[PDB]
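For reference, the chain that follows is the form deposited in one PDB entry, supplied as structure tokens.
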């Protein structure tokens, strides 16, 4: 409601410790929100995901950071598809982080997007060789 009070709640301060994103640094919020809003409108069966390396990760690079992922793929299948894009062995460690936390491997990409997408309509994922974002 335009004339209703907006509650400011302590948990918003979690954003003080959000994961680093060069993507966010290079692109202003309004352009990001524009593109993610347009792409969610255009591929509603898919979610847009920015996949970036964690600051101290010792792990092979990824060419593209922007992915349109079917919303019914699990996180585990996404591990496989990113691993295949990085060209990692099955044994090479690969960890995802959403809001600094390893997401459930059973979870769907659509459920992660619904719960953790940002106000620019993008889901941000960091990847590392280690199990702690750092």
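Residue numbers count along the first chain shown, from 1.
Novice: Comparing 22-30 with 94-102, which stretch shows the greater average C-alpha B-factor in the deposited entry?
Specialist: Higher mean C-alpha B-factor: 22-30.
Novice: Taking the recorded C-alpha temperature factors, which stretch has the higher mean, 39-47 or 70-78?
Specialist: Higher mean C-alpha B-factor: 39-47.
Novice: Which third of the chain holds residue 13 when residues are ordered by C-alpha B factor: lowest, middle or highest?
Specialist: Middle third.
Novice: Taking the chain's C-alpha temperature factors as the reference, tell me which third residue 109 falls into: lowest, middle or highest.
Specialist: Middle third - that is where residue 109 ends up once the chain's C-alpha B-factors are sorted.
Novice: Sorting the chain's modelled residues by C-alpha B-factor, tell me whether residue 83 ends up in the lowest, middle or highest third.
Specialist: According to the entry, residue 83 has a C-alpha B-factor in the chain's lowest third.
Separately, the form solved in complex with a partner chain exists; it is not shown, and the next lines address it.
Novice: Even though the partner isn't displayed, in the deposited bound form is residue 53 close enough to the partner chain, meaning a heavy atom within 4.5 Å?
Specialist: Heavy-atom contact with the partner chain at 4.5 Å: absent for residue 53.
Novice: In the deposited bound form, is there a heavy atom of the partner chain that lies within 4.5 Å of any heavy atom of residue 60, even though the partner is absent here?
Specialist: So residue 60 does not count as contacting the partner chain.
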